[PDB]
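In what follows, chains are A, B, ... by sequence order, proteins preceding strands, each numbered from 1.
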Amino acid sequence: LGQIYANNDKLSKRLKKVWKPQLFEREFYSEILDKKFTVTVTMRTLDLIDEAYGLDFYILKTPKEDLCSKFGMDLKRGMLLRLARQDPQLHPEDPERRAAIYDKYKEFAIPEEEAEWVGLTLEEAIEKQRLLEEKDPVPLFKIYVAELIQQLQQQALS
Amino acid sequence: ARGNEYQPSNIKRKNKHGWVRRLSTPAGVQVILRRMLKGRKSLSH
Amino acid sequence: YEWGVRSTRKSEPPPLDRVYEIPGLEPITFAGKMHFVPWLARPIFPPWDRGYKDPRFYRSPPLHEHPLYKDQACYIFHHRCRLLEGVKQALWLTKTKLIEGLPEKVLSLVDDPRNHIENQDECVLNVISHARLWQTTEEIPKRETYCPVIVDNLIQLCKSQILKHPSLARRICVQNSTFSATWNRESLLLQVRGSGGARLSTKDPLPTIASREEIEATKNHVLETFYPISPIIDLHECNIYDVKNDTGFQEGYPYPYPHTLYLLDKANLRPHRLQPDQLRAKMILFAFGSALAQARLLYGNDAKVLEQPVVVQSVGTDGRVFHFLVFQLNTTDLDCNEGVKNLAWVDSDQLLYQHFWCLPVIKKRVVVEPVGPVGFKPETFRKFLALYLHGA
Amino acid sequence: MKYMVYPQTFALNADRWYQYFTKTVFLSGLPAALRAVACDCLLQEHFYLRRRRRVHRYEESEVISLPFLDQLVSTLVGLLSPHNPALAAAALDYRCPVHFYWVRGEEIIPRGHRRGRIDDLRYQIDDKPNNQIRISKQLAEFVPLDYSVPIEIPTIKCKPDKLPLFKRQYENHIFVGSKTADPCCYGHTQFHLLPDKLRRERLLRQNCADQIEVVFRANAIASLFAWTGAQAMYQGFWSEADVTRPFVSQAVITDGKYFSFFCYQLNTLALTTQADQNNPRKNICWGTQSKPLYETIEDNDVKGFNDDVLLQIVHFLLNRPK
Amino acid sequence: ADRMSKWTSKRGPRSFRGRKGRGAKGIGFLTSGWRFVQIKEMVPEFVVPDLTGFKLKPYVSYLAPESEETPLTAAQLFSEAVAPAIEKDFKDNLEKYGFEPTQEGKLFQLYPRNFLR
Amino acid sequence: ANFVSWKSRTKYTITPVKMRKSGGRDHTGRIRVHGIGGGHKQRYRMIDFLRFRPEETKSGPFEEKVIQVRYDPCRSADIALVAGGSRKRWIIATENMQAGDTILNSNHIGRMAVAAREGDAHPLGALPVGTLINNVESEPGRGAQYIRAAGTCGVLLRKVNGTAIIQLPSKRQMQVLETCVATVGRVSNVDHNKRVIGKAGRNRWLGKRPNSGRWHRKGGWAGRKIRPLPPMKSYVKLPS
RNA sequence: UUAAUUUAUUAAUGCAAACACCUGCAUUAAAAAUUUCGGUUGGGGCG
RNA sequence: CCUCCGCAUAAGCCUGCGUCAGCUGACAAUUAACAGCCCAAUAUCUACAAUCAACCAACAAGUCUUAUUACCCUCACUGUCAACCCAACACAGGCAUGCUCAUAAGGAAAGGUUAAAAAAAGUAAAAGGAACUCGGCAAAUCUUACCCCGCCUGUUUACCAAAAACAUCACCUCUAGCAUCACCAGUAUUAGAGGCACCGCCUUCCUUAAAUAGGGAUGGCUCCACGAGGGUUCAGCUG
RNA sequence: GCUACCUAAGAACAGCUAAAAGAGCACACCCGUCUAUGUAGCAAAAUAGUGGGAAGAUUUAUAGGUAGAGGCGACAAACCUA
RNA sequence: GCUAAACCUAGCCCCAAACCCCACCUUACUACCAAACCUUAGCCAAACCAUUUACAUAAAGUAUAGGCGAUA
Ligand SMILES: [Mg+2]
Ligand SMILES: [Mg+2]
Ligand SMILES: [Mg+2]
Ligand SMILES: [Mg+2]
Ligand SMILES: [Mg+2]
Ligand SMILES: [Mg+2]
Ligand SMILES: [Mg+2]
Ligand SMILES: [Mg+2]
Ligand SMILES: [Mg+2]
Ligand SMILES: [Mg+2]
Ligand SMILES: [Mg+2]
Ligand SMILES: [Mg+2]
Ligand SMILES: [Mg+2]
Ligand SMILES: [Mg+2]
Ligand SMILES: [Mg+2]
Ligand SMILES: [Mg+2]
Ligand SMILES: [Mg+2]
Ligand SMILES: [Mg+2]
Ligand SMILES: [Mg+2]
Ligand SMILES: [Mg+2]
């Protein structure tokens with residue numbers, strides 16, 4: 001979203017100009033996810049995938065800023081979680097193939113506790129944390145019973 | 001001839017300047033927010 | 001060309017979040033928040049079941065699962081069906097032969113002046129005047145008001161003949177009676193669910209009008225057919241129906257034999273009023289339905305020529321014009337087009353009066369037509385009284 | 001603006017209030033094939049007739065008792081016509097409206113720009129008796145005009161508003177059930193069906209047992225006064241030209257099971273203050289306690305059918321003009 | 001034009017005046033024909049006790065001694081209601097002592113509260 | 001604006017439908033077409049322009065009885081309620097269609113030319129060349145869209161291969177697959193041209209209103225002008 | 001408006017780009033947008 | 001003595017001539033039957049105006065659900081006042097509907113006096129009768145005839161212009177071969193835009209006494225009717 | 001919430017003359033021709049009389065829509081809260 | 001001698017520090033039914049306006065930019 005000088009001379013009128021990328025619809029197969037995605041894409045993205053030698057490599061290599069796509073970061077989280085868990089759901093009944101894939105993408109593996117939070121927006125992370133730490137309050141009956149039993153045990157011992 | 005432009009009707013009043021219509025759009029929500037910031041007793045009509 | 005424009009069709013749901021397409025991860029939705037937020041994934045909510053069951057919030061499970069749903073489609077005729085071909089279609093459906101004019105057996109019951117009501121014309125004129133002008137504080141009563149009034153007042157006027165005819169004590173005019181009758185016609189199963197109103201019940205069955213010879217002579221008569229209109233047109237084609245024959249009353253009811261079906265077309269609006277031909281068709285069908293329910297109750301549910309034909313009368317009126325019908329059901333073997341055929345005598349478009357002036361028309365301050373009925377025809381009332389007195 | 005007097009009313013002591021509004025003294029008392037027919041109608045409307053739609057207790061009145069009462073009246077009129085020739089020529093009306101409008105008393109306008117000015121108290125009864133019989137020959141008197149009775153008309157110190165009773169302004173109508181042009185202008189008998197809102201069960205739950213008879217009595221007083229007053233005004237009498245002959249009519253008021261019977265003689269149309277200052281006459285209404293026609297109906301049987309109720313109905317229908 | 005006066009059912013046209021209420025809690029519903037069906041169970045039933053023989057009175061004699069306020073607490077209630085039984089059975093499954101795992105199944109559920117006052 | 005089109009009915013019916021006038025406004029509420037507004041209240045009768053619509057669980061050529069020929073407020077041509085089998089439908093009545101007549105609707109492209117009787121619908125391939133036609137489809141089974149106004153009649157100019165050349169009433173040729181159906185004869189109400197409105201009020205009844213500012217562009221209506229070339233600028237408007 | 005400056009935007013085309021739709025770049029239009037109205041002299045002129 | 005007034009409803013307003021004691025304060029009040037607040041669904045249904053609806057007359061073509069399955073508990077809630085609302089006002093204005101057609105309802109043009117001018121409104125007027133004047137404006141009274149413009153009924157500068165201007169049926173020109181949000185649920189006898197103007201046919205004298213007034217000796221004409229249009233005129237009428 | 005236009009569903013139009021009328025006269029109603037008054041006025045456009053329409057392209061209540069280079073407009077540069 | 005005159009704190013300003021029961025989105029304040037993100041423009045200065053201008057200290061108003069001019 002910028003502006004240009006008509007006829008590319010600064011002494012001419014200044015005009016609002018929007019340059020848009022040429023978008024294509026393409027189907028990509030993810031080895032780690034064993035799924036085909038139809039994704040609106042740019043020729044730049046196709047070239048980057050070629051340089052990375054595959055969609056999975058492109059997703060796992062490109063950082064958040066360069067990827068600049070919530071879908072891309074969700075794919076990254078899915079692939080990273082798959083690698084961290086070594087999920088047998090990757091090509092079930094084909095453990096050799098699953099091991100081959102995981103070995104191919106071994107260098108990107110990270111702890112699952114970290115792969116869970118990859119690519120999450122701040123609000124999504126906040127919701128995840130709230131869900132993790134939400135607990136229906138324990139009735140004070142249980143707490144007071146535990147305390148009373150503990151105190152009675154101490155008194156009996158003493 | 002002029003002066004009596006206000007022909008009161010509670011239906012039009014509420015449908016045009018009410019709380020629900022004010023909240024119906026971001027511009028109206030900002031109207032309410034400005035009234036709240038100014039401290040108006042009557043935020044909506 | 002498809003009816004219903006897209007902009008009016010229900011909007012397509014928004015596309016699912018791409019997060020739901022990634023096998024390994026559990027999307028973070030606002031379901032936990034218990035409210036929508038635009039920056040979280042939209043939950044996929046399980047269908048809710050505890051609703052759509054409570055009364056006042058019911059759903060009526062699909063038609064296929066209803067107890068009476070049947071693959072074979074019946075064609076019902078209810079009070080609000082208007083036959084395209086009218087009398088011809090009714091005759092074909094009921095396997096009936098038409099006879100213009102009422103039978104002499106009934107028409108003779110009023111020839112002798114003893115049956116004639118004392119001050120008959122005076123009383124009938126008063127009844128018409130009350131129905132059409134004096135009924136209400138309003139200057140011009142509507143049809144919805146003056147049709148039932150005229151019918152009921154005429155019925156009372158006829159009932160006043162209890163003096164001469166003590167047999168009139170063995171009858172009663174019931175209201176809101178509803179009968180049901182099912183029968184086959186060339187592999188098509190037809191039903192009539194007659195609701196109408198003002199069914200005249202008698203403790204004794206009506207005498208038959210047609211003799212054995214005439215009933216047999218109906219065999220030669222060929223049932224008029226009409227093409228490309230099928231006889232089913234304008235009949236409610238329905239898969240949820242009951243084949244039971246209902247006479248409209250519990251067993252043991254006094255006055256079990258139908259005598260007259262009083263059908264009134266009291267709708268204020270002409271489009272909501274039956275045409276005369278369609279009203280006659282409805283009369284034929286309802287008389288046939290009552291007679292068939294009676295026959296199925298008496299001689300069992302067997303398709304056969306009736307040894308004792310069942311006679312049912314019907315008067316169908318719009319408050320001014322009347323139609324008189326006497327239907328003799330003499331066969332329950334309706335499936336075939338051949339054999340003895342039921343037979344109906346119809347007297348059509350018997351207008352009691354041709355116009356009523358509710359206000360006095362004045363031209364140049366001169367009264368041209370005085371207030372009241374004009375063109376009153378006592379012949380129609382004689383026919384009405386004859387039908388009422390039949391069987392007594 | 002006029003008070004809407006409702007014959008069938010939920011108000012307590014409405015019978016007393018209507019006695020005052022009408023200048024009516026209420027007096028307790030009076031001035032086999034038919035049984036088969038009555039049982040037949042009852043069983044027809046309760047058991048024999050097959051109902052496609054379930055009948056709800058909020059509509060039992062209108063869908064059972066109203067057809068039942070219609071059948072009773074019509075069939076009984078037919079059967080009693082031989083024994084009452086006038087009943088042959090009578091016009092039988094189904095829910096034909098009965099309107100009466102009269103002035104009774106005066107009030108000082110309490111408030112507003114018309115404060116302190118004298119305004120007549122106007123009343124309107126808009127009744128729609130379930131059935132009624134109109135004849136061309138007036139019935140005989142129940143007691144001579146100017147008949148004095150020791151009982152005094154109730155005195156109401158409070159405004160009619162205090163009895164739940166409200167003012168509206170609409171057409172003032174005087175209607176006997178048919179326009180003045182109708183020759184059958186006198187009233188013979190009315191048949192009233194108390195609506196579901198006034199069920200005996202609801203009345204017993206809410207208020208005393210005497211309130212049921214109060215409801216019946218108020219309905220009788222109001223409806224019969226309206227009918228006889230409309231008859232008189234059709235004959236040309238009004239407050240300033242009072243009736244020279246008393247105007248009589250009968251009514252039977254039923255809840256479907258319980259029936260009560262009332263005779264009403266209107267002697268006065270001079271109800272306004274000006275015409276009533278020195279008017280000794282007063283309208284009279286004889287009434288009977290409500291009695292059950294039957295005790296209960298099980299399946300196909302009517303248990304406890306009371307013959308006296310049917311006899312009273314027959315007696316009313318057999319009343320003749322002279 | 002009056003923005004400051006409270007909005008009530010006395011103000012709008014006929015529809016507004018009918019629709020708005022005064023806070024009275026609902027008692028039933030409306031069926032076809034605007035017939036109101038009152039549900040008995042929706043009507044608050046006043047559970048009024050028998051006061052005959054009751055010795056307490058609206059007021060207390062000034063001769064009564066002053067005391068120190070000790071608002072009841074969960075700990076105090078537990079000590080005064082459960083601790084005795086717990087001790088007597090420990091010296092010698094908490095439902096036996098009173099604890100209920102869940103409020104569902106009770107007529108008077110403590111949370112979400114489902115009873116008046 | 002809270003405009004939802006009244007054309008929301010999904011199931012065909014005979015009953016006239018209550019149609020909401022537009023006043024020439026979009027769904028946005030702004031005037032899109034000028035001169036529209038008011039007029040007599042009208043009800044829409046759903047017209048079945050697919051003349052060969054075999055009934056449910058039925059197929060092949062079928063006949064129909066003309067129940068009646070009625071005036072349509074929403075068209076120049078008058079319509080006909082026509083019933084066949086167990087259904088009724090509105091169609092566009094042809095010039096000489098009368099109540100009680102029989103109409104044939106067929107999808108059979110006979111080797112020989114079928115005798116063209118006014119009112120019946122046949123595939124264009126089955127008609128003799130030069131027959132007058134109306135209610136023509138653009139594609140097989142699309143439904144009639146052309147030659148629908150009162151008194152209009154196209155001509156089946158030519159038939160070659162599976163393609164027929166039709167002359168539309170505008171005297172323009174159109175190519176249509178011979179499998180597409182059309183009805184014979186000219187549309188009814190042939191005297192629609194000769195009707196004289198007589199007064200402005202009658203147009204106002206017909207829902208046409210006098211409206212100005214019909215262009216909304218700066219300067220209003222502006223007829224096209226030939227922009228001169230540099231050589232001709234000298235002679236664009238030579239002073240007298 | 002045949003004043004000056006533009007075509008950002010649409011509509012057409014053309015060239016690339018993806019194998020109907022869409023992106024970029026040009027050209028022509030439509031629609032518009034921005035901006036200006038030198039000075040001295042001359043009442044019956046045409047400077 | 002006066003009133004297109006009055007009473008209700010709607011809408012609006014919100015206690016705003018009820019009581020009491022000193023405009024203020026306190027106290028009271030409008031009680032539901034009227035009115036509002038509705039309906040369990042699925043489907044299937046529903047060509048046939050209205051106009052006293054019967055003839056007659058059309059065109060602008062016109063508010064039109066049962067079956068089955070569920071379901072029985074019942075009259076809650078709210079409006080109810082007034083001398084009132086929109087016009088800054090106890091404003092000669094604005095203000096929907098039903099009835100009363102002069103009121104059974106509602107009101108008071110004069111604070112007292114005097115009887116000047118000027119000013120406003122009205123009534124009467126000798127003789128004359130438009131001589132007034134831009135014009136018969138106003139008033140009073142009945143009328144005649146003729147021109148110009150626009151065919152007509154309509155619309156318009158709310159608050160200086162109501163017209164000859166705008167629209168208008170009629171006619172012409174240009175553009176468009178087509179469907180699911182206008183045009184249009186339409187399709188060339190259609191739709192959109194522009195122009196034009198119904199329609200139809202062809203290509204010095206008179207008036208006065210005096211007359212800058214009036215009338216007459218695609219295009220050219222034809223004015224049927226209409227007009228608070230603009231001119232002229234007979235007769236009458238009149239301060 | 002005025003006003004312009006439009007949408008939905010409403011309502012009103014006496015009497016006479018004439019007969020199915022953008023018909024005549026003329027109430028209600030709508031308008032605003034002409035005159036006078038008023039001109040800080042009763043009124044930021046009124047009053048009185050006079051006058052035009054008054055079954056229609058009419059008037060009008062209710063709710064909804066179109067928004068500022070925009071809307072709407074039987075084009076008056078008219079109207080869009082004096 | 002009337003109207004009036006006068007008054008001093010109610011508070012405020014600028015800094016520093018410190019990070020600060022019930023009802024209510026339907027006609028809000030009404031107990032209870034099947035969907036956000038996207039260049040600011042222009043005034044103004046240039047004596048018009050059209051590119052342009054106009055939303056710690058020191059180096060330094062320097063290098064630079066600029067109808068190479070206003071100015072940045
Ligand atoms: Mg208004
Ligand atoms: Mg005075
Ligand atoms: Mg004075
Ligand atoms: Mg004189
Ligand atoms: Mg002169
Ligand atoms: Mg003269
Ligand atoms: Mg002079
Ligand atoms: Mg004059
Ligand atoms: Mg004109
Ligand atoms: Mg003006
Ligand atoms: Mg105007
Ligand atoms: Mg003017
Ligand atoms: Mg002159
Ligand atoms: Mg005019
Ligand atoms: Mg008239
Ligand atoms: Mg006219
Ligand atoms: Mg206009
Ligand atoms: Mg102009
Ligand atoms: Mg101008
Ligand atoms: Mg500058």
Between [X] and [N], is there a side-chain N or O to OP1/OP2 distance below 4.0 Å?
X: F:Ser5; N: H:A185; result: no
X: D:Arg115; N: H:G18; result: yes
X: D:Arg114; N: H:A105; result: no
X: F:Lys41; N: H:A49; result: no
X: F:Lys199; N: I:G56; result: no
X: F:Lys7; N: H:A182; result: yes
X: A:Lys10; N: J:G67; result: yes

Ring centres within less than 5.5 Å and planes less than 30° apart: is that true of [X] and [N] in this structure?
X: E:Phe16; N: J:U27; answer: yes
X: B:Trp19; N: J:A28; answer: yes
X: F:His27; N: H:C181; answer: yes
X: C:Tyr1; N: H:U180; answer: yes
X: E:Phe36; N: H:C75; answer: no
X: F:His40; N: H:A60; answer: no
X: D:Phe166; N: H:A33; answer: no
X: F:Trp215; N: H:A193; answer: no

Between [options], spot the one nearest the side chain of [X], thanks.
X: F:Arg30; options: G:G24, I:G70, H:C181; value: I:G70
X: F:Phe49; options: H:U187, H:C75, H:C71; value: H:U187
X: F:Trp6; options: G:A33, H:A185, J:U39; value: H:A185
X: C:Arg193; options: H:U68, H:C86, H:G194; value: H:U68
X: A:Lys13; options: H:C72, G:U6, H:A50; value: G:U6
X: D:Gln169; options: H:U68, H:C7, H:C48; value: H:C7
X: D:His113; options: H:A83, G:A31, I:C6; value: H:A83
X: D:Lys162; options: H:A105, H:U30, H:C72; value: H:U30

Taking a pair to be Watson-Crick (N1-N3 plus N6-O4 or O6-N4) or G-U wobble (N1-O2 and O6-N3), each under 3.5 Å, are [N] and [M] paired?
N: H:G239; M: H:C7; result: no
N: H:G36; M: H:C52; result: no
N: H:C166; M: H:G154; result: yes
N: J:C49; M: J:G67; result: yes
N: H:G25; M: H:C20; result: yes
N: H:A67; M: H:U42; result: yes

Go through the N and O atoms of the side chain of [X] and the base of [N], and report whether any donor-acceptor pair is under 3.5 Å.
X: C:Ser60; N: H:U42; answer: no
X: A:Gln22; N: G:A18; answer: no
X: F:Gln145; N: H:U187; answer: yes
X: E:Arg22; N: H:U78; answer: no
X: C:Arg9; N: H:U180; answer: no
X: C:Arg82; N: H:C45; answer: no
X: D:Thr9; N: H:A33; answer: yes
X: E:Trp7; N: J:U27; answer: yes
X: F:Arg32; N: H:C183; answer: no
X: B:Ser9; N: H:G12; answer: no
X: F:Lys218; N: G:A32; answer: no

For this session: Using the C1' atoms only, state how far H:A170 lies from I:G64, rounded to an integer number of Å.
Result: 38 Å
Problem set entry | 5' priority, RNA chain H, between B:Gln7 and F:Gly213 [closest heavy atom] | B:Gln7
Seminar exercise, completed: Comparing D:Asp196 with F:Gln42, nearest RNA chain H nucleotide closer to 5' gives the residue F:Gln42
Seminar exercise, completed: Paired to H:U190 by Watson-Crick or G-U wobble criteria (both distances under 3.5 Å) is H:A176
For this session: For nucleotides 32-37 of chain J, just jot down a letter per nucleotide in 5' to 3' order: B, S or -, based on protein non-hydrogen atoms under 4.0 Å.
Result: BBBBB-
